[PDB]
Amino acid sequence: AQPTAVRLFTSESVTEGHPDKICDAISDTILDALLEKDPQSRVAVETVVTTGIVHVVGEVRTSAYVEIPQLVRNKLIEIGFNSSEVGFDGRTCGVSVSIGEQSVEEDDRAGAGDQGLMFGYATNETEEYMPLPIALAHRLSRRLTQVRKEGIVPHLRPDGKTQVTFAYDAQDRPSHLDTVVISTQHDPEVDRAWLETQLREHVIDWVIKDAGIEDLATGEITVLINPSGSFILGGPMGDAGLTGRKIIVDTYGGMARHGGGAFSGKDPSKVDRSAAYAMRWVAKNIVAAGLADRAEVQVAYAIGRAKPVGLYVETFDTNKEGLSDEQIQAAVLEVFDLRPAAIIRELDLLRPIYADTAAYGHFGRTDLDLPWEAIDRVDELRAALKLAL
């Protein structure tokens, strides 16, 4: 009868050298430097980059002493922006700071510092409990940076972007890898032709095997490398960057819903970051407890109130043990303390662990030890639901 089209779902990542990620990384490098000397630091630090300029703005309350300019310059050199020839130089660029520095009992009862909504998500489709499209995109962006830093593929520059499109079935499940896009900055000594062969072998094919998805990468797949052509100049020049402009890359690649809150530059007292981490923790435990294959949980808060005004559990009809999302939600309310101060305490968030989160995703990081990734509430959830352990 009426023709059917194949539904194609896409997620993207970027390198640490994409201007938005430079900002997220600088914001979180400042936050770590402050939490290292004063774990109680309140931090709302935003970064903006444009041609030859890094502008850091916002508010800090801290007892720590940190040199922000040297932190900025060293982070840019670590990413690889070390020359006017590459379009940006940590050693010779402008750095400007406009930050204002001034003007368990009660602890767990402190109000949210702001209103807002935050979402968390988990799926058993990958070992890291992450949607396949975003996971593959992050692996590709990380591998692109690795081949450059380890010299596996030479003549590469820091700025880069990755995009993965997967065909899906009528049940909303991933079926086949359809299209992979990789755009990387490079030296004038190399061209798209050289990059096409180098990246398809050392980045795309290597990641397909490293991720064990060969079964989804069989057949015909479109590979586009530098489809726009030469990419010699990259970074802030001709592409302004700002902190909190890659919130979907930082989370689940669009597979999960988002509340709009950015994470980088914010200390754990900001529900925009802490509550999103708590929701990832809750969702992962819900799936790890065998209550569902996929779970998305929204939490919401009123300024000056510790208890959430909202909570919303969705398992997309993958609910198990004959339990409804309403029943799973009641078990979440019994097991998890979602007051801001309780989240900081239970996840031990007052440590300099954030700069690592500021590129390649906050969630499903096999390479990091992040507390919101712990499946340490499975027994509590099944017990609360009167299920066998």
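In this text, residue numbers run from 1 along the sequence as written.
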**OP:** Return whichever of 61-69 and 22-30 has the greater mean Cα B factor according to the PDB record.
**Re:** 61-69
Original post:
Is the mean CA B factor in the deposited entry higher across 47-55 or across 336-344?
Top reply: 336-344
Original post:
So among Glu78, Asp114, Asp250, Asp159, who wins on Cα B-factor in the entry?
Top reply: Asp114
**OP:** Name the residue from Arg280, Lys270, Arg143, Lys209 with the greatest C-alpha temperature factor listed in the entry.
**Re:** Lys209
Subject >> Record-listed C-alpha B factor of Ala288: chain third >> reply: highest
Subject >> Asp191 - Cα temperature factor, lowest/middle/highest third of chain >> reply: highest
Original post:
Among the chain's modelled residues, which third holds the C-alpha B-factor of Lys246?
Top reply: lowest
**OP:** Sorting the chain's modelled residues by C-alpha B-factor, tell me whether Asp178 ends up in the lowest, middle or highest third.
**Re:** middle
**OP:** Going by the recorded CA B-factors, say which third of the chain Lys320 sits in, lowest, middle or highest.
**Re:** highest
